[PDB]
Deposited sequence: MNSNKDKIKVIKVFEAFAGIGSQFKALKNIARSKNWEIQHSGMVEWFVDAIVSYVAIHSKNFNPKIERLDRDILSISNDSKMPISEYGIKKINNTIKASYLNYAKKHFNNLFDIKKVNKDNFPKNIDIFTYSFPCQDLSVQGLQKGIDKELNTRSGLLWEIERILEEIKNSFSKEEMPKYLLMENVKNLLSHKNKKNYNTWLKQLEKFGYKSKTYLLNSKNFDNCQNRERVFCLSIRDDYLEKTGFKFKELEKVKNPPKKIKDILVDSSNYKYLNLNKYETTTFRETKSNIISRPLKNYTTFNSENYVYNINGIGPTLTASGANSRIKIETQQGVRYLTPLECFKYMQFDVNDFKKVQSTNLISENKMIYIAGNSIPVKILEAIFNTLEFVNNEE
């Protein structure tokens, strides 16, 4: 009676999609399987392998000769020299393992109907808002190409049963809304019916304000077969959680010297964020706030002001640590310790990958609504 769920994670990062599925699998009587992934960012791949692998033992290895399109910064491709630098290191073994055991295809432009797995149960993806226009472009154009290709070569039953997009709130702005709607029409042409959700992490057992757009799609014949109905997730409001609830005790944190800066009382906004400004601190508004641990915090970003989240504690004002950032995205302590134990990812890079991820319990809630046939 156990149902094997084959998942394919495009732009997988550290695998918040896979983590969410593993977290609910037992309660669904599911067995989650890596059908494939696409991730080219070296530090995300290393971290993905650290978190999700079972019995992987790193060692010095030659990099597989076809692992050629990867990135050290996540934005730009690594040079022929940078590839040489990874070759014959422990780090290479992580990339080789992702290829061999998780079927990482690395670069979306290299994905086609010849290597895209058949009978995928859940296909997850994303794209930047610029991709909506020149007709699509960039990563979304590649997703569209792949869907076109598999549509023509696969039977309908071999095409992914469910698609899930995550994106930022700007996807529904005045400038992007219409073009996003045209993408949904295209998914329709491909045989998928979809539902757009705007969800805030704070409503899914988290102490973080984080509004994300999700487009859950179901293949239209599978909809008929299962009798699946979309759930109204935008009305869900679980009990609030405070920053206080995830903080880790330590006698050796670094506290910021803010003695030079004038401040005010804390004020709570409608979003349950409780903050106070620092005057003459910077000219960058988002950098100038200290947050109260009895409320929720701001959206964790990969870089910049919202990756340096100042909280007021009894011991002083400090940044949320990398561990606390993992917990803030609803990964567990053990996930963080596995990444830390690689000794390959710096503290700022760990925050960077956390800031790019998705709060895990939002995904648990979405995935809890899926229906599969026996």
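Peer 1: In sequence order, which parts of the deposited sequence are missing C-alpha coordinates?
Peer 2: According to the deposited record, C-alpha coordinates are absent for 1-6, 141-152, 393-395, which together make up the missing parts.
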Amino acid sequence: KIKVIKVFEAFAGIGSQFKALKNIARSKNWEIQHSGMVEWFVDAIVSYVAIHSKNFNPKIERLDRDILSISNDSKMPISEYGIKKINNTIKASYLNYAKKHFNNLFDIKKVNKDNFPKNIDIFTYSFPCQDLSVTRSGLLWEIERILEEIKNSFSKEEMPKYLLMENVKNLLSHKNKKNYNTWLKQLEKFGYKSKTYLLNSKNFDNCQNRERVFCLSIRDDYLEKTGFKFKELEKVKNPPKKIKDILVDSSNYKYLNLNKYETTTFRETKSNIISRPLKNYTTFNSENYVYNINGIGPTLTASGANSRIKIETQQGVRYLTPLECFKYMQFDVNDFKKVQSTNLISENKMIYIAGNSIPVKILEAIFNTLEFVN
From here on, numbers count along this sequence of modelled residues.
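We call the rigid core whatever largest set of C-alpha positions still superposes within 1.5 Å between the two forms.
Peer 1: Core fit done; bigger CA RMS in 4 other deposited structures of this protein for 170-178 or for 232-240?
Peer 2: It is 170-178 that deviates more in 4 other deposited structures of this protein.
Peer 1: Compare 141-149 with 209-217 and report which one shows the larger root mean square C-alpha deviation from this form in 4 other deposited structures of this protein once the rigid core is superposed.
Peer 2: When 141-149 and 209-217 are compared in 4 other deposited structures of this protein, the bigger C-alpha shift is seen for 141-149.
Peer 1: Could you settle it for me: does 63-71 or 42-50 have the higher average Cα B factor in the PDB entry?
Peer 2: Higher mean C-alpha B-factor in the PDB entry: 63-71.
Peer 1: Look over 296-304 and 261-269 in the entry and identify the one with the greater average Cα temperature factor.
Peer 2: For C-alpha atoms only, the mean B-factor is higher in 261-269.
Peer 1: For the CA B factor values reported in this entry, which option in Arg136, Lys244, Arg210, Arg276 has the top one?
Peer 2: Reading the PDB entry, the winner on C-alpha B-factor is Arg136.
Peer 1: Looking at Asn179, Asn167, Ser286, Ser201, which has the highest Cα B-factor in the entry?
Peer 2: That would be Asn179.
Peer 1: Rank-wise, by C-alpha B-factor, drop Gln130 into the lowest, middle or highest third of its chain.
Peer 2: Tercile = highest for this residue's CA B-factor.
Peer 1: Lowest, middle or highest third: where is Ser341 by Cα B-factor in its chain?
Peer 2: Its C-alpha B-factor belongs to the middle third of this chain's values.
Peer 1: Where does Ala25 sit by CA temperature factor within its chain: lowest, middle or highest third?
Peer 2: According to the entry, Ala25 has a C-alpha B-factor in the chain's highest third.
Peer 1: Rank-wise, by C-alpha B-factor, drop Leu163 into the lowest, middle or highest third of its chain.
Peer 2: As the PDB entry reports it, the C-alpha B-factor of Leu163 lands in the lowest third of its chain.
Peer 1: Ranking the modelled residues of this chain by C-alpha B-factor as given in the entry, is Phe190 in the lowest, middle or highest third?
Peer 2: It belongs to the highest third of the chain when residues are ordered by C-alpha B-factor.
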